[PDB]
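Heads up, the chain below is alone and in the form deposited in one PDB entry; it's given as structure tokens.
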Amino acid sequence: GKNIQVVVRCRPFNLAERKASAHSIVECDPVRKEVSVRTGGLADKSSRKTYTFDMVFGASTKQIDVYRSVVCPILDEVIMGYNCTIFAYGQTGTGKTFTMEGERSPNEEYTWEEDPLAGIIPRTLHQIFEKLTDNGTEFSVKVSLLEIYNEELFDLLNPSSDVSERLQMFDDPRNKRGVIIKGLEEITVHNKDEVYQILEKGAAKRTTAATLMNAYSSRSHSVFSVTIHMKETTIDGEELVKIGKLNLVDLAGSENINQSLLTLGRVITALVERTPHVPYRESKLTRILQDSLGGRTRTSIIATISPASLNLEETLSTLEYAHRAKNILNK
């Protein structure tokens, strides 16, 4: 099979932390794939805790670094017609949204496709067209955005319906690890020049959900899906009907009421201790993502952490949680 791949990304210090002359309690060694955490009191004499992962990215890591090393190869596996999922897990403030979506460079310096602050989602969407136009390709791309807040479901892309309309989920008669979500719109991305405006209506729906729901950005989970239908007409006339799906999953903040977050953890524990009963059905998140958790999807986790000492307790919690998950076997 294939173990879940787990990478760590430490955010850099911000303006205020630099101004307070903050010293990092985290040391990342990408060559050894190690993160070392200062856990005791002192700085010239110190107990430390180290963890090995599949990859480690320190505070210096840029969006392009993450894209080249992590996204690209997974996108290739999607294009070869397989299912893949990437989770972002970590405490609020550590760069889950930064990693998955990214931000705009200030002062209108760049356009969306060349912005260095762009995260996984736009980079993926751009590259799918850039690579698939390049070869002989009859292909189609569809996106959806399903969000979970308090075990209720929301479509954050659909220009027709408004965000406050809850959706309903049902089991899928013709798919065992699968569900049907009534009212979730899949949107056809016809070409690379439709991408941004589709994202923009999403960004607007996000603001309304934040107005409607308490701490929505921290307590919600989003599942951004992109589906590629391929019948590549290369240069021979060949065409094999392959379908690839990519779920980009921005989890609710892990910091110490959230049934989906509680159930993800118990599912992970069941899977790693190989308990016969895995409680998938105990939350919306784990039903929707059942195949990503010990199923037939290639799954990666990006665990985000802080360099600051103030965050020590939550950083260790994140590291231990993520480390456990390396033992999950997928197919």
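The term rigid core refers to the maximal set of C-alpha atoms that superpose within 1.5 Å between the two forms. Numbers for residues come from their place in the sequence shown, where the first is 1.
If you look for the form deposited in another entry, you will not find it shown, but the lines that follow are about it.
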### Query
In a fit on the core, which one among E152, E186, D76, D162 has a Cα that moves 2 Å or more between the shown form and the other one?
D162
### Per-residue C-alpha change between the shown form and the other one, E314, threshold 2 Å, rigid core fit
no
### Message
Would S46 count as moving between the shown form and the other one, using a Cα shift of 2 angstroms or more after superposing the core as the test?
### Response
yes
### Message
Comparing against this form, do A43 and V7 have their CA atoms pulled together or pushed apart in the other entry? The difference is 3 Å or more.
### Response
farther
### Task
Since the C-alpha distance between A59 and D44 changes by 3 Å or more in the other entry, give its direction relative to the shown form: closer or farther.
farther
